[PDB]
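1. Experimental structure and sequence below.
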4 protein chains.
Amino acid sequence: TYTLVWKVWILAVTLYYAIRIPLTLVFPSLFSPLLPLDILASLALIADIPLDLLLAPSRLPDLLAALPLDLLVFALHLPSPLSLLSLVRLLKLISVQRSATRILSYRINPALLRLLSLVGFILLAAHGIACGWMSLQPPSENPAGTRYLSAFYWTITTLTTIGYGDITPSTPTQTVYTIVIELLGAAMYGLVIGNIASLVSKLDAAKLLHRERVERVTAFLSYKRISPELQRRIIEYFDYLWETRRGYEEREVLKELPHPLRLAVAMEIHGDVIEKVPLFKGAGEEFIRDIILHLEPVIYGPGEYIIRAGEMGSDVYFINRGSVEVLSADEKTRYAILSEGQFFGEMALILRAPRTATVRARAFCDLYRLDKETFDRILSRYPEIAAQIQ
Amino acid sequence: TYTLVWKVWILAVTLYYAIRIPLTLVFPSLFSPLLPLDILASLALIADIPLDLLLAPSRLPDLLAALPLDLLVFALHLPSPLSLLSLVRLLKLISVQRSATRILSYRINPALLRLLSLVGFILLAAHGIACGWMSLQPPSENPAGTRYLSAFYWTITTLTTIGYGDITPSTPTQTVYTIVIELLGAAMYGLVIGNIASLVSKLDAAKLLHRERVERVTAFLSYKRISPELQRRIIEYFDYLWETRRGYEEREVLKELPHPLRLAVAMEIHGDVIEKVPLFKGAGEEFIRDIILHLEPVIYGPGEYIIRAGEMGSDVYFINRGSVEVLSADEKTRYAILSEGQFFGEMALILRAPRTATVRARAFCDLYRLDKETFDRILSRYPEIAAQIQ
Amino acid sequence: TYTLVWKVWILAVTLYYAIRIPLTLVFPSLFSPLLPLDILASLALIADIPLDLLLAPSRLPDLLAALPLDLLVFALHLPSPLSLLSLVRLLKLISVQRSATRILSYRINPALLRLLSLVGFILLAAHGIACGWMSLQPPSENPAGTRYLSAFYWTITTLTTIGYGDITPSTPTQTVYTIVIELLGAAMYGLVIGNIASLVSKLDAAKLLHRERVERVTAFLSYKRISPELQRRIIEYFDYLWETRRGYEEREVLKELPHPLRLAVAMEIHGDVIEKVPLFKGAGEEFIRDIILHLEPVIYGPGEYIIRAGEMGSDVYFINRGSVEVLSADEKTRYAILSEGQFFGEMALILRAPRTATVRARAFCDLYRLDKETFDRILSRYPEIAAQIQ
Amino acid sequence: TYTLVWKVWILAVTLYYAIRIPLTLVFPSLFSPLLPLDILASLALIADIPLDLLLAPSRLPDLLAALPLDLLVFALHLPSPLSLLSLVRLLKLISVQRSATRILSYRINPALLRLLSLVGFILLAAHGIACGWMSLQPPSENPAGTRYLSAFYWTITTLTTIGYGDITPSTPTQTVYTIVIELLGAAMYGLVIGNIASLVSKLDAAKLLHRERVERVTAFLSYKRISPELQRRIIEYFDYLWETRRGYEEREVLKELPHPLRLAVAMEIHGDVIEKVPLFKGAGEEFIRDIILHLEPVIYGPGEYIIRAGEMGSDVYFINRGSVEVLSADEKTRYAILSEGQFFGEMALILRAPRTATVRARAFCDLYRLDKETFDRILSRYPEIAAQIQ
Ligand SMILES: Nc1ncnc2c1ncn2[C@@H]1O[C@@H]2COP(=O)(O)O[C@H]2[C@H]1O
Ligand SMILES: Nc1ncnc2c1ncn2[C@@H]1O[C@@H]2COP(=O)(O)O[C@H]2[C@H]1O
Ligand SMILES: Nc1ncnc2c1ncn2[C@@H]1O[C@@H]2COP(=O)(O)O[C@H]2[C@H]1O
């Protein structure tokens, strides 16, 4: 954090040169009561490169900007086709571009960074183009603010391709300059439209991808001639899965993690659920880490049957978010009502009994389940719990 | 539905302020026979925030729009660089933007919503820019409609980057204003082109993706030097799969559902097929739910061989949509003709006989099949049908 | 094919009305020596709808275009704000749009179709806008070609947002018309740029995706500090796989086929290879169809070792495209040289011998292999070949 | 490399014709002291086609460009509507386009190639349009440089859609030409904006896709109400995986290789690790090639537990890049510290002992592991090591 202020100071120095140098080439009446900032800024540019550490095809912009190739032009009054090498300092902006595109490349969007850098370079180049236009004008008595204001008005009318045409070229050497900045204006405005069209194309990704996958599963299920009630129930399921976890599927988000982080996330999620069961209590610590990676999420809508009383039944369910209710076989007498953190279906792993009660959802549930075959497979390799459950 | 009319009333109030305030800053001859709508609209803005429920970095637009920071300007006749804070009411449009982008974010496309909101803000800002241009004109006797019509003509000629140039700036304080709205005009027109290019890029998704996957499997099969008859048959298969179910594959559409909805969809699809078989009749209800999730779809073209008489043969087929015919071993005597809802190949699960007849397709079929190994695997865990089939 | 000429005739009729009606509203000196084509075209429009077969929210454009709502205007000389309903015929273009977007929606690209239809509607609307501009001009003696040519020059200067400004509005009722077609011109030019940017964005798909996956596997393997010789060999492998089969992977192209077409493609590919082996000769026809679906493709570069003499060895290889050579254990005495259609490694399925010769590639091979476990798995369920190989 | 200079010479010849022919149609005072380059360039065009090897719908541009359809026009002084067929030579640019789009289609980006070719054709067409505009001018005494400079200024003002309007059409036959090049100017500028918007849309792919997958796994894990410490640890893991291997996952990059190249890459990666173990030393060469394809990469953050002392433990770990430390059961006495190239956990494959020490990471590790079941599965089919480990 003591070099970020140095990068800001270097940006201020090269910004200062980009605003000053084409303005003092046109008006040589400057630079004389303004040499001290040249001295300070030149020392900053010549002291940046040791603190930037020396010969590369990506170092010579800073190296050519470092040497005082100006101040000789302005003290010795070099003529017009030879003074222009005092723009060599403006190679410094490539270094500031390549530094600001990496010091904050993830604090912000990478497309918005390029667009703001382009708007900065377009204003900072419209200043230079206005200075050039004001340079190759007929010499006449005119106040030096109102003859810059017309040149900047011209070079904004040309670059933004509006083109009023109220002030136009007269001589041929103005017309050649006008042709070349019309090409540059069309190029810069094409780059601005291209970066805006790239920035707003990827602006909605999850909210467009979810709209696509709910149009796919609807235009398909209308082909199979499905009932409209069930189709409305599927559409409200996808509305739930958008307005809670933004459309993303649970088992493909946390597959993009490595094994220790995926284990840590599963340990944080199933935290206050697995310190409740009177089957895994007194078990080992290395047994919870084997069952907790094989839990699979399912989402039950309001009124769905999770367990029907009288089925064979295999697998146990852990409630994570929603509610559920437990009903008898006739669905008349309510036994109880379960909530988050609890669990049901535990009398199917250890025992070959058939289901004893009907478990209907009440709201959307987001509940995790553990299969019978998977539990008895990763129970075989731990012997003490293989004796503890018998 | 009694608050959606309130959102429409708030939109009408802030629309009213956005059309009125820059028009009454220019003409102070208004506001005196038009104060009652100021009173009504100010009460609406000051009563919206309790019915919007209080301090956040996303609440202060509505809070700054709520207080009557105008009406003091217009009753006390504040001067020109100080009256402009009566535009503080125009911060209300951020709240209406953020409300209309969520109350109907799935009734319509999310890109078309942004484009229509941008066109609304561009017209509603061209009004304010025309009022500003008409403000900093030389004062002269001119009817107040025809001097607004020229200012709006100017600010549409500038923002849509056409730029006739028939009426242009004269003073420097007009030229600075013209430079800044040329920048804003280029920005707004870049945003319009960017949103149109984003809206028409994703306009054909299924009809372009299907065109790509029929060009991939054609430019590949022309490398392998395949016969042109079979290549024409593959191309007409992909024409069938576009013009019936829009290109989407059956086993990857309904993998994006959870287990109860996928079970309900499979139960609705194989409804009038599984209450026909004299093998699964009298079976349990929990057995149909296990076989009905393991049916796999295949599509047979016209004239394809589904079953050849004399093969070993393993698996059973359920017809869902098309037709099929049953032929003898010499393919001369037609036994029968099957249709949708029926089934063939049932004498391969229970018995180790070889195929007894040749089953040729007639049109495209869309028929579901059940493997022998899968059926005998999920038949082992139900004992009563494991005795019923013996 | 006798209704496609009818669609072309209907397109010619509505094109005729779109070029004629705004030209005869301006000049009423027409229509009198040109009524017979009105009669013929009106009969075509009133006879299209029975041959188009009757009330829908997508049928009423053709129904409103069908009734002769003109010819009454032009015979009875209805005044200026009432004659304009003779543009109701121009609703017919929606029907021609919706017909031409489906009769040839796969003969051509779907984006190029929309772009050509947009260019057609933009020229066909610039005609109407030029007729309107020529309508609200001051009446003066001027030849009727050179006063249409200036109106069309104006409405192309405005719509393509160039805006010379050599001829401009004068009256207020011209200025309102100019504001509204400046908005339409900016919209049409935004749509043209959006469709061109959508048409050239997806223009290279396989040639950009392949460039991405050869930059991914290079920027990754430079992290692992891999040798440059092997990295050059991988890059020339990807150059081979572009310049033969356009980058696409063999086992994911023909997974997008159903089982009978995938079986037919594999039967056509391994045609002159499987009628050569003295192991599968005399075997059943239903055995070739089981082995021919389990062949897996691999590609060996020039000089790679396919088989090393003295290894354990399990699997057999079928050559499809390239060449290969067979060398002895010291790689000095060349046994033979194999070509396409032949096969090696056959003395590993039936026997537990170790490899007897070293098989080096010569060019790129594109050869298919069959594993030992897969062959002995799908050999167990056919008993007669399970006795034939013993 | 002796035909690339021929392609450059052909490009120079057709460039020469594209700059010369519309300039000599306007000025017939040329061609007389400039016939020798016509002779040389015509011989080059008539000798290219045998060295290009003869009748196709993609050969006739070169064939029509080959015959001297000019030089007869310029020696016999053909009149104005008949001289224009001397532009038939300009069909040669299609051949140069189709040759330069394939000789360097992978040295550079395919979109940048199309954009540079479009800028070349737009300048090279602005020359021809300026020559046509200068052709249909009123004949007057004016120096032949300053009347070309105004025509080129006009055709750059029109094509880049700026449109000053300082010089405009006068006659009708100029106005028809101006309408048609306004359409062409709008089309060319739409193509330039479309290619720039396509070139900058795909400019950041890996750096935008990685930003998306770290926003997905964050907006999901904020729904599950995860602790902020662990969420910060996941975000710094994704910062590591960007700033080392650019976001790409190890097991899906080298799945895009065939089996010999994937074997060669794994052999180069695990080179100085597998010639260290006192378990696989003295083993076969065909055993290293079977274990080295089943190594699976995992990445441990700083401070993670790789092995906990006292667990059951199954699998062995090979360190590739980072460091690690070995601690005792109380995590007080440090046994040693391991580095890259070494390995730990070897006393779990051969023996059923429980873990003997706790292995904590120090920095990010990038270490490869081998499961117990996989090792004992691919150890069963090699008998001599199955006796060597006992
Ligand atoms: N009286 C009860 N109170 C709370 N939960 C119950 C009760 N009876 C059954 N359950 C739960 O509901 C389940 C239904 O059958 P299971 O064997 O799956 O296991 C049962 C218990 O987990
Ligand atoms: N006479 C028949 N009528 C209708 N269907 C038949 C007839 N004979 C055979 N099939 C069906 O065609 C199938 C061909 O052999 P399978 O053993 O698969 O089972 C046979 C029956 O399902
Ligand atoms: N003399 C030979 N001529 C042609 N092919 C051979 C010869 N010897 C071995 N091969 C092939 O090369 C293979 C090397 O060992 P295999 O046992 O895989 O099977 C061998 C044969 O398929």
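-> Thanks, I have it. Numbering: from 1, shown residues only, chains lettered A, B, ... in the order given. Ligands and ions are numbered 1, 2, ... in the order given.

2. is any part of the host helix or strand of residue A:174 close to chain C?
-> Under the criterion of DSSP states H and E, residue A:174 resides in helix A:172-199. Yes. Helix A:172-199 lies within reach of chain C by CB under 8 Å from any CB of the partner chain, at A:193, A:197. Every residue, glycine included, has its C-beta placed from N, CA and C.

3. Can you name the element that comes right after that helix?
-> Criterion used, DSSP H and E; the element after helix A:172-199 is helix A:206-221.

4. Tell me the buried residues in that following helix?
-> Going by neighbour count (16 or more other CB atoms under 10 Å in any protein chain shown), the buried part of helix A:206-221 is A:208, A:210, A:211, A:214, A:216, A:217, A:218, A:220, A:221.

5. Looking at these, which one is closest to chain B?
-> Minimum distance to chain B across the buried residues of helix A:206-221 is 4.6 Å, recorded for residue A:220 (CB to the nearest CB).

6. Need the nearest residue in space to that closest one, chain neighbours excluded.
-> residue B:253 (4.6 Å; CB to CB, 6 or more residues apart in numbering or on different chains).

7. How about residue A:240?
-> Excluding the flanking residues, the one nearest residue A:240 by CB to CB, 6+ apart is residue A:364, at 5.3 Å.

8. Please verify my assumption that residue A:160 contacts residue B:184.
-> No. Contact between residue A:160 and residue B:184 fails when scored by CB atoms under 8 Å: they sit 9.8 Å apart.

9. ok, these two, which is more surrounded?
-> residue A:160 (27 against 17; other CB atoms under 10 Å in any protein chain shown).

10. Distance of that one relative to ligand 2?
-> When distance is defined by CB to the nearest ligand atom, to the nearest Å, residue A:160 is 75 Å away from ligand 2.

11. Next one: that residue from chain B, what distance?
-> Residue A:160 sits 4 Å away from chain B, going by CB to the nearest CB, to the nearest Å.

12. so what's that residue up against?
-> Going by CB atoms under 8 Å, 6 or more residues apart in numbering or on different chains, residue A:160 touches A:185, A:189, B:161, B:182, B:183, B:185, B:186.

13. can you rerun that using 10 Å?
-> Neighbouring residues of residue A:160 by CB atoms under 10 Å, 6 or more residues apart in numbering or on different chains: A:122, A:126, A:185, A:188-189, A:192, B:158, B:161, B:163, B:179, B:182-187, B:189-190, D:162.

14. Buried subset of those as a PyMOL selection?
-> Buried subset of the contacts of residue A:160, written as a PyMOL selection, criterion 16+ other CB under 10 Å:
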select buried, (chain A and resi 122+126+185+188+189+192) or (chain B and resi 158+161+163+179+182+183+184+185+186+189+190) or (chain D and resi 162)
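
15. Report how many residues lie close to residue A:145.
-> Considering only other CB under 10 Å, residue A:145 is surrounded by 8 other residues.

16. okay but it is in contact with residue B:175, surely?
-> No. With contact defined as CB atoms under 10 Å, residue A:145 does not reach residue B:175; the gap is 11.4 Å.

17. Spell out which helix or strand contains residue A:351, please.
-> Going by DSSP H and E, residue A:351 is not part of any helix or strand.

18. correction: residue A:261
-> Short version, using DSSP H and E: residue A:261 is in helix A:259-269.

19. Heading C-terminal from that helix, find the next helix or strand.
-> Per DSSP H and E, helix A:259-269 leads on to helix A:271-274 as the next helix or strand towards the C-terminus.

20. If you count neighbours, what's buried in that next one?
-> Buried, per 16+ other CB under 10 Å, within helix A:271-274: A:273, A:274.

21. name the helices or strands packed onto it?
-> strand A:316-319 (3 or more CB pairs under 10 Å, 6 or more residues apart in numbering or on different chains; DSSP states H and E).

22. What helices and strands are in contact with the strand it packs on?
-> helix A:271-274, strand A:305-307, strand A:343-344, strand A:367-370.

23. how far is the second one from where the chain is centred?
-> Taking the mean C-alpha point of strand A:305-307 and that of its whole chain, the gap between them comes to 41 Å (CA atoms, centre = their mean, to the nearest Å).

24. so what does it touch, helix or strand wise?
-> The contact analysis (3+ CB pairs under 10 Å, 6+ apart) places strand A:305-307 against strand A:316-319, strand A:324-327, strand A:358-361, helix B:259-269.

25. Can you add distance to ligand 2 and mean neighbour count and give the ones you listed back as a markdown table?
-> Formatted as a markdown table, those follow (distance: least, CB to the nearest ligand atom, whole Å; neighbours: other CB atoms under 10 Å in any protein chain shown):
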| stretch | distance to ligand 2 | mean neighbour count |
| --- | --- | --- |
| strand A:316-319 | 40 | 22 |
| strand A:324-327 | 43 | 19 |
| strand A:358-361 | 38 | 20 |
| helix B:259-269 | 21 | 18 |
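
26. do you know which of these lies nearest ligand 3?
-> helix B:259-269 (47.0 Å; CB to the nearest ligand atom).

27. Using PDB, list the CA coordinates for that closest one.
-> Only the C-alpha atoms of helix B:259-269 are listed here, as PDB (Å, rounded to 0.1, in the frame of the first residue of the first chain):
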ATOM      1  CA  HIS B 259     -36.800 -36.700  -8.500                       C
ATOM      2  CA  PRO B 260     -40.500 -36.100  -7.500                       C
ATOM      3  CA  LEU B 261     -41.200 -34.000 -10.600                       C
ATOM      4  CA  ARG B 262     -39.300 -36.300 -12.900                       C
ATOM      5  CA  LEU B 263     -41.300 -39.200 -11.400                       C
ATOM      6  CA  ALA B 264     -44.500 -37.300 -12.000                       C
ATOM      7  CA  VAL B 265     -43.600 -36.500 -15.600                       C
ATOM      8  CA  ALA B 266     -42.700 -40.100 -16.300                       C
ATOM      9  CA  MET B 267     -46.000 -41.200 -14.700                       C
ATOM     10  CA  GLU B 268     -47.900 -38.800 -16.900                       C
ATOM     11  CA  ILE B 269     -46.100 -39.900 -20.000                       C
END
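
28. what about that helix, near chain A?
-> Yes. Using CB under 10 Å from any CB of the partner chain, we find that helix B:259-269 touches chain A at B:259, B:260, B:261, B:262, B:263, B:264, B:265, B:267, B:268, B:269.
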